[PDB]
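*Asks:* One file: coords_14.txt (compact mmCIF, C-alpha atoms and all ligand atoms).
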```txt
# COMPACT_ATOMS: atom_id res chain seq x y z
CA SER F 1 78.47 33.14 55.46
CA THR F 2 75.46 31.69 53.60
CA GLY F 3 71.71 31.42 53.98
CA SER F 4 69.10 29.06 52.59
CA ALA F 5 65.32 29.29 52.79
CA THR F 6 62.38 27.33 51.41
CA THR F 7 59.88 29.19 49.25
CA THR F 8 56.30 27.92 48.85
CA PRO F 9 53.56 28.74 46.30
CA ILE F 10 50.69 30.70 47.85
CA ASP F 11 48.02 28.79 45.87
CA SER F 12 47.43 25.93 43.45
CA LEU F 13 48.32 28.07 40.41
CA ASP F 14 51.73 29.28 41.69
CA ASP F 15 50.49 32.89 41.54
CA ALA F 16 53.30 33.94 43.93
CA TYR F 17 55.87 32.42 46.28
CA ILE F 18 56.36 33.22 49.98
CA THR F 19 59.56 32.74 52.01
CA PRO F 20 59.72 33.10 55.83
CA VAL F 21 61.90 35.99 56.96
CA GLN F 22 62.90 36.83 60.55
CA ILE F 23 62.66 40.53 61.45
CA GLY F 24 63.58 42.06 64.80
CA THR F 25 64.66 40.91 68.28
CA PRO F 26 63.10 38.66 69.41
CA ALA F 27 62.37 37.39 65.87
CA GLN F 28 59.05 38.22 64.23
CA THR F 29 58.55 35.83 61.33
CA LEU F 30 56.81 37.19 58.25
CA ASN F 31 56.15 35.46 54.93
CA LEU F 32 57.57 37.73 52.25
CA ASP F 33 57.38 37.63 48.45
CA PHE F 34 60.96 37.71 47.12
CA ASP F 35 60.90 40.12 44.18
CA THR F 36 63.91 40.49 41.84
CA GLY F 37 61.92 43.25 40.04
CA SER F 38 61.92 45.81 42.89
CA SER F 39 64.27 47.04 45.55
CA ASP F 40 62.20 47.78 48.65
CA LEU F 41 61.75 45.58 51.73
CA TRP F 42 58.29 46.54 52.96
CA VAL F 43 55.97 44.82 55.42
CA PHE F 44 52.50 45.09 56.85
CA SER F 45 52.95 46.56 60.31
CA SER F 46 51.23 47.84 63.44
CA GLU F 47 51.21 51.18 61.53
CA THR F 48 49.09 49.93 58.60
CA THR F 49 45.57 51.39 58.45
CA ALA F 50 43.47 48.78 60.23
CA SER F 51 40.86 48.51 57.46
CA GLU F 52 43.65 47.70 54.98
CA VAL F 53 44.72 44.53 56.87
CA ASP F 54 42.89 41.22 56.38
CA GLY F 55 44.68 38.35 58.13
CA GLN F 56 48.31 39.27 57.40
CA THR F 57 51.03 38.89 59.99
CA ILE F 58 52.21 42.38 60.98
CA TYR F 59 55.61 43.64 62.03
CA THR F 60 55.43 45.51 65.36
CA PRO F 61 58.59 47.63 65.75
CA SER F 62 57.67 48.59 69.32
CA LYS F 63 58.25 44.94 70.35
CA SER F 64 61.71 44.74 68.71
CA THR F 65 64.65 45.80 70.87
CA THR F 66 66.81 46.36 67.77
CA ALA F 67 64.33 48.49 65.79
CA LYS F 68 65.21 52.18 65.25
CA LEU F 69 63.03 54.71 63.43
CA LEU F 70 64.86 56.17 60.45
CA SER F 71 63.92 59.74 61.25
CA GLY F 72 62.41 61.69 58.35
CA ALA F 73 62.52 58.83 55.86
CA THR F 74 59.51 57.92 53.75
CA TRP F 75 58.85 55.54 50.89
CA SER F 76 56.21 55.32 48.21
CA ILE F 77 56.08 52.64 45.53
CA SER F 78 53.81 51.77 42.60
CA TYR F 79 54.10 48.44 40.80
CA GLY F 80 53.53 47.71 37.09
CA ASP F 81 50.10 46.20 37.88
CA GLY F 82 48.97 49.43 39.59
CA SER F 83 49.55 48.24 43.17
CA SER F 84 50.82 50.83 45.65
CA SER F 85 51.95 51.18 49.26
CA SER F 86 53.80 53.76 51.32
CA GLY F 87 54.85 54.66 54.85
CA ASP F 88 57.86 55.27 57.09
CA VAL F 89 61.14 53.43 57.63
CA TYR F 90 62.73 51.55 60.50
CA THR F 91 66.07 49.82 60.56
CA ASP F 92 66.21 46.41 62.23
CA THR F 93 67.88 43.02 62.12
CA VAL F 94 66.68 40.80 59.24
CA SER F 95 67.58 37.12 58.80
CA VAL F 96 66.82 34.87 55.84
CA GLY F 97 67.58 31.20 56.27
CA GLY F 98 70.29 31.76 58.89
CA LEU F 99 71.84 34.75 57.03
CA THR F 100 71.59 37.87 59.21
CA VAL F 101 71.92 41.54 58.26
CA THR F 102 71.91 44.20 60.95
CA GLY F 103 70.55 47.67 60.31
CA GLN F 104 68.48 46.69 57.26
CA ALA F 105 65.93 49.27 56.16
CA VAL F 106 62.44 47.87 56.91
CA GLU F 107 59.77 49.97 55.22
CA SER F 108 56.64 49.97 57.35
CA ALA F 109 53.48 50.25 55.25
CA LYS F 110 51.01 52.82 56.55
CA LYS F 111 48.87 52.47 53.41
CA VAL F 112 48.61 49.47 51.06
CA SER F 113 46.56 49.05 47.91
CA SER F 114 43.56 46.73 47.91
CA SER F 115 45.57 44.18 45.88
CA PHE F 116 47.77 43.42 48.89
CA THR F 117 44.92 43.64 51.43
CA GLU F 118 42.96 40.85 49.74
CA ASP F 119 46.04 38.55 49.70
CA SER F 120 46.28 37.34 53.29
CA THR F 121 49.17 34.96 52.50
CA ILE F 122 51.73 37.70 51.63
CA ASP F 123 52.99 39.81 54.57
CA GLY F 124 55.31 41.93 52.43
CA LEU F 125 57.90 42.09 49.69
CA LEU F 126 61.68 41.68 49.77
CA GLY F 127 63.21 43.46 46.80
CA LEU F 128 66.26 41.91 45.14
CA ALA F 129 66.80 44.24 42.15
CA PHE F 130 69.61 46.80 42.25
CA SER F 131 69.55 49.40 45.00
CA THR F 132 69.23 52.31 42.54
CA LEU F 133 65.47 51.47 42.40
CA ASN F 134 64.86 51.78 46.16
CA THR F 135 62.17 54.37 46.90
CA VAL F 136 63.28 55.61 50.33
CA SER F 137 63.63 59.40 50.41
CA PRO F 138 65.67 61.48 51.02
CA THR F 139 68.33 58.81 51.82
CA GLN F 140 68.07 55.88 49.40
CA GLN F 141 68.43 52.52 51.15
CA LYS F 142 70.26 49.31 50.19
CA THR F 143 68.57 45.98 49.53
CA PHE F 144 69.00 42.92 51.73
CA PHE F 145 71.31 41.38 49.11
CA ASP F 146 73.44 44.52 48.90
CA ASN F 147 73.81 44.69 52.70
CA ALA F 148 74.61 40.97 52.93
CA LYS F 149 77.08 40.97 50.01
CA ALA F 150 80.30 41.61 51.91
CA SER F 151 79.72 38.77 54.38
CA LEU F 152 78.57 36.25 51.76
CA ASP F 153 81.01 33.58 50.63
CA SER F 154 80.22 34.52 47.00
CA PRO F 155 78.13 37.59 46.02
CA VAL F 156 75.37 35.44 44.48
CA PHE F 157 71.92 34.19 45.17
CA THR F 158 69.98 31.48 43.37
CA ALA F 159 66.28 30.99 42.67
CA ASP F 160 65.05 27.40 42.32
CA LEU F 161 61.29 27.79 42.04
CA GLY F 162 59.06 24.73 42.09
CA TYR F 163 56.16 23.82 39.83
CA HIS F 164 53.16 23.38 42.17
CA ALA F 165 55.75 22.56 44.86
CA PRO F 166 58.17 24.26 47.29
CA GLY F 167 61.51 25.56 46.08
CA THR F 168 64.67 27.21 47.45
CA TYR F 169 66.37 30.61 47.61
CA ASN F 170 70.07 30.27 48.45
CA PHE F 171 72.38 33.16 49.35
CA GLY F 172 76.15 33.02 48.98
CA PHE F 173 76.65 29.61 47.31
CA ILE F 174 75.65 27.60 44.24
CA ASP F 175 74.18 24.19 45.05
CA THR F 176 75.72 22.00 42.38
CA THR F 177 73.22 19.22 43.14
CA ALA F 178 70.23 21.44 42.23
CA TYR F 179 70.68 21.39 38.42
CA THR F 180 71.76 19.18 35.53
CA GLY F 181 74.38 19.96 32.89
CA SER F 182 76.23 23.27 32.94
CA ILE F 183 75.19 26.77 33.93
CA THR F 184 75.14 29.21 31.00
CA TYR F 185 75.95 32.75 32.06
CA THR F 186 74.83 35.84 30.14
CA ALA F 187 75.57 39.55 30.57
CA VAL F 188 73.33 41.81 32.67
CA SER F 189 72.60 45.49 32.08
CA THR F 190 71.97 47.45 35.27
CA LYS F 191 71.10 50.69 33.48
CA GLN F 192 67.41 50.54 34.44
CA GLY F 193 68.07 48.93 37.85
CA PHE F 194 66.69 45.51 36.83
CA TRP F 195 68.30 42.14 36.21
CA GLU F 196 68.06 42.89 32.50
CA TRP F 197 69.45 40.48 29.92
CA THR F 198 69.00 39.44 26.28
CA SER F 199 67.53 36.10 25.29
CA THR F 200 68.85 34.68 22.04
CA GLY F 201 65.52 33.47 20.65
CA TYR F 202 62.67 31.06 21.01
CA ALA F 203 60.84 28.02 19.71
CA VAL F 204 57.24 26.84 19.99
CA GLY F 205 56.70 23.17 20.73
CA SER F 206 58.94 21.10 18.49
CA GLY F 207 59.22 23.86 15.86
CA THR F 208 62.42 25.40 14.57
CA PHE F 209 64.27 27.78 16.84
CA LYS F 210 63.96 31.42 15.76
CA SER F 211 67.14 33.35 16.49
CA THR F 212 66.10 36.81 17.60
CA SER F 213 67.17 39.10 20.43
CA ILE F 214 64.61 39.52 23.20
CA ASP F 215 65.57 42.06 25.83
CA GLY F 216 63.80 41.46 29.12
CA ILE F 217 64.08 41.23 32.89
CA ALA F 218 64.42 38.30 35.27
CA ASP F 219 61.55 38.96 37.69
CA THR F 220 60.58 36.50 40.45
CA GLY F 221 57.84 38.99 41.50
CA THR F 222 55.87 38.60 38.27
CA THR F 223 53.75 35.48 37.78
CA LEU F 224 53.54 35.22 33.99
CA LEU F 225 55.83 35.47 30.96
CA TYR F 226 55.34 38.74 29.01
CA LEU F 227 56.93 38.72 25.54
CA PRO F 228 56.57 40.83 22.34
CA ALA F 229 53.31 40.54 20.45
CA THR F 230 54.93 38.71 17.50
CA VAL F 231 56.27 35.91 19.73
CA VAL F 232 53.07 35.58 21.75
CA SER F 233 50.97 35.42 18.58
CA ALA F 234 53.19 32.68 17.13
CA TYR F 235 52.78 30.66 20.34
CA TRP F 236 49.00 30.90 20.62
CA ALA F 237 48.46 30.24 16.89
CA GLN F 238 49.49 26.64 17.66
CA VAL F 239 46.66 26.17 20.20
CA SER F 240 43.31 25.19 18.70
CA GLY F 241 40.69 27.80 19.57
CA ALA F 242 43.00 30.18 21.41
CA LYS F 243 42.25 33.89 21.01
CA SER F 244 43.06 37.23 22.57
CA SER F 245 40.11 38.45 24.66
CA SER F 246 39.53 42.12 25.44
CA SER F 247 37.14 41.43 28.32
CA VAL F 248 39.55 39.02 29.99
CA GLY F 249 42.63 41.10 29.19
CA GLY F 250 44.78 38.53 27.39
CA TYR F 251 45.00 35.24 25.55
CA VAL F 252 42.57 32.51 26.67
CA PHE F 253 42.25 28.98 25.32
CA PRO F 254 39.81 26.04 25.58
CA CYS F 255 40.55 24.25 28.84
CA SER F 256 40.38 20.95 26.87
CA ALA F 257 43.39 21.89 24.72
CA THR F 258 46.88 20.60 25.39
CA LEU F 259 49.55 23.29 25.30
CA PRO F 260 52.87 23.13 23.45
CA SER F 261 56.04 23.83 25.29
CA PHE F 262 57.98 27.08 24.87
CA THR F 263 61.76 27.25 24.54
CA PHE F 264 63.84 30.36 25.17
CA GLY F 265 67.52 30.87 24.38
CA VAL F 266 70.28 31.73 26.83
CA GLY F 267 73.41 32.30 24.80
CA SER F 268 73.85 28.95 23.06
CA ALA F 269 71.76 27.03 25.59
CA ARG F 270 68.03 26.31 25.58
CA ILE F 271 65.54 26.38 28.45
CA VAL F 272 62.34 24.41 27.79
CA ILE F 273 59.14 25.47 29.57
CA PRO F 274 56.71 22.50 29.60
CA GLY F 275 53.26 23.25 28.23
CA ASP F 276 51.65 22.42 31.58
CA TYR F 277 53.49 25.39 33.13
CA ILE F 278 51.59 27.72 30.77
CA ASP F 279 48.09 26.64 31.94
CA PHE F 280 46.65 29.06 34.51
CA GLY F 281 43.28 27.37 34.75
CA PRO F 282 39.73 28.57 34.20
CA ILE F 283 39.14 32.32 34.01
CA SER F 284 36.25 31.81 36.46
CA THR F 285 34.99 28.85 38.48
CA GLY F 286 33.30 26.37 36.17
CA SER F 287 34.37 28.12 32.95
CA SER F 288 35.66 26.07 30.03
CA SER F 289 37.98 28.96 28.98
CA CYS F 290 41.43 28.86 30.55
CA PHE F 291 43.96 31.68 31.01
CA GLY F 292 47.36 31.54 29.30
CA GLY F 293 50.68 31.90 31.07
CA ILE F 294 52.34 33.62 28.08
CA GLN F 295 51.01 37.12 27.34
CA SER F 296 51.99 40.14 25.29
CA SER F 297 54.28 42.80 26.73
CA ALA F 298 52.93 45.43 24.32
CA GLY F 299 50.96 47.24 27.02
CA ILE F 300 53.86 47.16 29.53
CA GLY F 301 56.86 48.49 27.62
CA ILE F 302 59.30 45.83 28.85
CA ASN F 303 59.56 42.06 28.42
CA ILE F 304 59.29 40.12 31.70
CA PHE F 305 60.68 36.65 32.29
CA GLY F 306 58.44 35.91 35.27
CA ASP F 307 57.86 32.81 37.38
CA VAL F 308 56.44 30.83 34.42
CA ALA F 309 59.90 30.99 32.82
CA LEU F 310 62.13 31.05 35.89
CA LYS F 311 60.60 27.96 37.52
CA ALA F 312 61.68 25.92 34.49
CA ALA F 313 65.31 26.69 35.39
CA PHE F 314 67.90 26.98 38.10
CA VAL F 315 68.78 30.67 38.07
CA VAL F 316 71.95 32.31 39.39
CA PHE F 317 71.83 36.02 40.24
CA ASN F 318 75.55 36.84 40.26
CA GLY F 319 76.07 40.21 41.95
CA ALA F 320 79.77 40.45 41.22
CA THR F 321 81.12 43.83 40.13
CA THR F 322 80.22 42.81 36.59
CA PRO F 323 76.80 41.23 37.25
CA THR F 324 75.67 38.17 35.28
CA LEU F 325 72.68 35.84 35.14
CA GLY F 326 73.17 32.08 34.99
CA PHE F 327 70.61 29.60 33.72
CA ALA F 328 70.66 25.84 34.00
CA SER F 329 68.25 23.04 33.23
CA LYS F 330 66.95 21.09 36.21
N1 LIG Y 1 57.90 42.44 40.18
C1 LIG Y 1 58.27 43.84 40.23
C2 LIG Y 1 57.95 44.62 38.95
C3 LIG Y 1 56.65 44.85 38.52
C4 LIG Y 1 56.42 45.57 37.36
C5 LIG Y 1 57.50 46.05 36.62
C6 LIG Y 1 57.31 46.86 35.34
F1 LIG Y 1 56.00 46.85 34.96
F2 LIG Y 1 57.71 48.15 35.59
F3 LIG Y 1 58.10 46.35 34.35
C7 LIG Y 1 58.79 45.83 37.06
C8 LIG Y 1 59.02 45.11 38.22
```
Write the structure described by the file as structure tokens, please.
*Replies:*
Amino acid sequence: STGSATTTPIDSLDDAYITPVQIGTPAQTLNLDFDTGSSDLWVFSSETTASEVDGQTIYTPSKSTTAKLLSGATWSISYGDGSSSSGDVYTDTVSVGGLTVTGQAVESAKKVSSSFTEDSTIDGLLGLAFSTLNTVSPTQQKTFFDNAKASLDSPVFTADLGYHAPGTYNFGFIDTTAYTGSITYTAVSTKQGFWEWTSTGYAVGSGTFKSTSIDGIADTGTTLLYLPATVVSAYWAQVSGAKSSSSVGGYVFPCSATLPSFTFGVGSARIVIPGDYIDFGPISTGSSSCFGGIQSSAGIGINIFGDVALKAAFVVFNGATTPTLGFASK
């Protein structure tokens, strides 16, 4: 079997992408953020503290005939930006784009951080990293992808994120009309539970390609591209007037500047990120300083190939017994 679902930016800057997901019987449709950097499926629910909910659609397990409380199970998660949420666990039926899994763990948020509360467009997260990162205790739970794997035609899913436009998440097949050229596959390490891979180098604008190994993760749940300080400094040095700002918390640049592209290596292939993808607009309404889409990973401890990078490519998440990541131009 297969599934296919459209994913849509939540705002004009592509800060995140939401995909409709059907939970329960009869279906309750929630807009979830598909996150290849985490492994929990959690949703705002009828159990979320009422002051912590500001316009989100909530999952109501009492109205689902297929929902079963997973007795004793709890979950607690903290993201790399300091966001947090926690609660109890139901199992229910979950469908994405026609692909249905029965008995999927659905983690009902009793408490959510203020970050999620103030984002009315995101009803929850659907984690697509490896199940070793799932936070359910004492019985760790499997991701949606892991539960769907056996019934999928191929154990893959693909991310085709759009630039200021809708895109597609496909499960179980590779749409050969969605990319140009060939797909370049590269090895994945699962040792930290992420889709972790090694980029073969980079180039700034039309400069020479620097061959150098950049270890990092493929993370649809992270907006920006976080790379080592040396790479980020070489990028921003090509933008007139760019500087790292302590009060803003990263590199900013004059909104009047035009940005060079950024190229990253995948084995022998090259993925080019257009300079327009790196513009995240004014740091405040009316400001002439704009925020950069490429920032240093120094404070984070891991390099993150977020949406800025992934939306320049067609990306295959191959969950075969030896997992790989495939990249193609599009
Ligand atoms: N989008 C999920 C996510 C967020 C942060 C991290 C960090 F910071 F731990 F690398 C990993 C994964």
*Asks:* Looking at F:54, F:146, F:92, F:33, which one is nearest to ligand LIG 1 (chain Y), with distances taken over only C-alpha atoms and all ligand atoms?
*Replies:*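 Comparing F:54, F:146, F:92, F:33 against ligand LIG 1 (chain Y), the winner is F:33.
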*Asks:* Using the file's own x, y and z axes, so that the box edges lie along x, y and z, what centre and edge lengths in Å (one decimal) does a box around every listed atom of ligand LIG 1 (chain Y) get when 5 Å is added on each side? Give it as JSON.
*Replies:*
```
{"center_x": 57.5, "center_y": 45.3, "center_z": 37.3, "size_x": 13.0, "size_y": 15.7, "size_z": 15.9}
```
*Asks:* Considering all atoms listed in the file, can you say which of F:34, F:42, F:291, F:194 comes closest to residue 277 of chain F?
*Replies:*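 Using all atoms listed in the file, the shortest distance to residue 277 of chain F belongs to F:291.
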*Asks:* List every protein, DNA or RNA residue that has an atom no more than 9 Å from (69.4, 43.0, 35.2) in the file's coordinate frame, counting all atoms listed in the file, and report them as a VMD selection string.
*Replies:* chain F and resid 36 to 37 129 to 130 187 to 197 216 to 218 317 323 to 325
*Asks:* Using all atoms listed in the file, find the one residue out of F:178, F:236, F:85, F:39 that sits nearest to residue 128 of chain F.
*Replies:*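 Selected residue with least distance to residue 128 of chain F: F:39.
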*Asks:* Between atom CA of residue 172 of chain F and atom CA of residue 29 of chain F, what is the distance, to one decimal in Å?
*Replies:*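 Pair atom CA of residue 172 of chain F / atom CA of residue 29 of chain F returns 21.7 Å.
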*Asks:* With a distance cut-off of 12 Å and all atoms listed in the file, select the neighbouring residues of residue 203 of chain F, excluding the residue or stretch itself and same-chain residues fewer than 4 positions from it, and output the selection as a PyMOL selection string.
*Replies:* chain F and resi 199+207-212+231-232+234-235+238+260-265+270-273
*Asks:* Could you check which of F:122, F:152, F:21, F:290 is closest to residue 245 of chain F, using all atoms listed in the file?
*Replies:*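 So, comparing all the options, the nearest one is F:290.
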*Asks:* Where does chain F meet ligand LIG 1 (chain Y) within 6 Å, residue by residue, with the nearest atom pair and distance in Å to one decimal for each, counting only C-alpha atoms and all ligand atoms, listed by chain and rising number, as JSON lines?
*Replies:*
```
{"residue": "F:35", "atom": "CA", "partner": "Y:LIG1", "partner_atom": "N1", "distance": 5.5}
{"residue": "F:37", "atom": "CA", "partner": "Y:LIG1", "partner_atom": "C1", "distance": 3.7}
{"residue": "F:38", "atom": "CA", "partner": "Y:LIG1", "partner_atom": "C1", "distance": 4.9}
{"residue": "F:79", "atom": "CA", "partner": "Y:LIG1", "partner_atom": "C3", "distance": 5.0}
{"residue": "F:80", "atom": "CA", "partner": "Y:LIG1", "partner_atom": "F1", "distance": 3.4}
{"residue": "F:219", "atom": "CA", "partner": "Y:LIG1", "partner_atom": "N1", "distance": 5.6}
{"residue": "F:221", "atom": "CA", "partner": "Y:LIG1", "partner_atom": "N1", "distance": 3.7}
{"residue": "F:222", "atom": "CA", "partner": "Y:LIG1", "partner_atom": "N1", "distance": 4.7}
{"residue": "F:300", "atom": "CA", "partner": "Y:LIG1", "partner_atom": "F1", "distance": 5.8}
{"residue": "F:302", "atom": "CA", "partner": "Y:LIG1", "partner_atom": "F3", "distance": 5.7}
```
*Asks:* Do you have the atom CA of residue 116 of chain F-atom CA of residue 19 of chain F distance handy?
*Replies:*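 It comes out at 16.2 Å.
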*Asks:* At a cut-off of 8 Å from (68.5, 43.1, 63.3) in the coordinates of the file, what residues are picked up using only C-alpha atoms, written as a list in words?
*Replies:*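 Protein and nucleic acid residues near the point are residues 23, 24, 25, 66, 67, 91, 92, 93, 94, 95, 100, 101, 102, 103 and 104 of chain F.
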*Asks:* Go ahead and save the residues from that selection, with C-alpha atoms, as a PDB file, keeping the file's coordinate frame.
*Replies:*
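Output (again.pdb):
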```pdb
ATOM      1  CA  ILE F  23      62.660  40.530  61.450  1.00  0.00           C
ATOM      2  CA  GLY F  24      63.580  42.060  64.800  1.00  0.00           C
ATOM      3  CA  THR F  25      64.660  40.910  68.280  1.00  0.00           C
ATOM      4  CA  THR F  66      66.810  46.360  67.770  1.00  0.00           C
ATOM      5  CA  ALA F  67      64.330  48.490  65.790  1.00  0.00           C
ATOM      6  CA  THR F  91      66.070  49.820  60.560  1.00  0.00           C
ATOM      7  CA  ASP F  92      66.210  46.410  62.230  1.00  0.00           C
ATOM      8  CA  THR F  93      67.880  43.020  62.120  1.00  0.00           C
ATOM      9  CA  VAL F  94      66.680  40.800  59.240  1.00  0.00           C
ATOM     10  CA  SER F  95      67.580  37.120  58.800  1.00  0.00           C
ATOM     11  CA  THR F 100      71.590  37.870  59.210  1.00  0.00           C
ATOM     12  CA  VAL F 101      71.920  41.540  58.260  1.00  0.00           C
ATOM     13  CA  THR F 102      71.910  44.200  60.950  1.00  0.00           C
ATOM     14  CA  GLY F 103      70.550  47.670  60.310  1.00  0.00           C
ATOM     15  CA  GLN F 104      68.480  46.690  57.260  1.00  0.00           C
TER      16      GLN F 104
END
```
*Asks:* Might you pull out every residue within 7 Å of residue 307 of chain F, with only C-alpha atoms counted and same-chain residues fewer than 4 positions away left off, and present them as a list in words?
*Replies:*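 Those residues are residues 220, 222, 223, 224 and 311 of chain F.
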*Asks:* Closest to residue 135 of chain F among F:149, F:75, F:282, F:84, using all atoms listed in the file?
*Replies:*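 The closest residue to residue 135 of chain F is F:75.
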*Asks:* What lies within 10 Å of segment 249-256 of chain F using all atoms listed in the file, ignoring chain neighbours under 4 positions off, as a list in words?
*Replies:*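 The residues that qualify are residues 232, 233, 236, 239, 240, 241, 242, 243, 244, 245, 279, 280, 281, 282, 283, 287, 288, 289, 290, 291, 292, 293, 294, 295 and 296 of chain F.
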*Asks:* Need the shell around residue 11 of chain F: protein/DNA/RNA residues with any atom at most 10 Å away, counting all atoms listed in the file. Skip same-chain ones fewer than 6 positions apart. Format as a PyMOL selection string?
*Replies:* chain F and resi 17+121+164-165
*Asks:* Tell me, in Å to one decimal, how far atom CA of residue 7 of chain F is from atom CA of residue 86 of chain F.
*Replies:*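 One can read the atom CA of residue 7 of chain F to atom CA of residue 86 of chain F distance as 25.4 Å.
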*Asks:* Pick the closest to residue 97 of chain F from F:56, F:4, F:246, F:285: which is it, counting all atoms listed in the file?
*Replies:*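 Of F:56, F:4, F:246, F:285, the one nearest residue 97 of chain F, counting all atoms listed in the file, is F:4.
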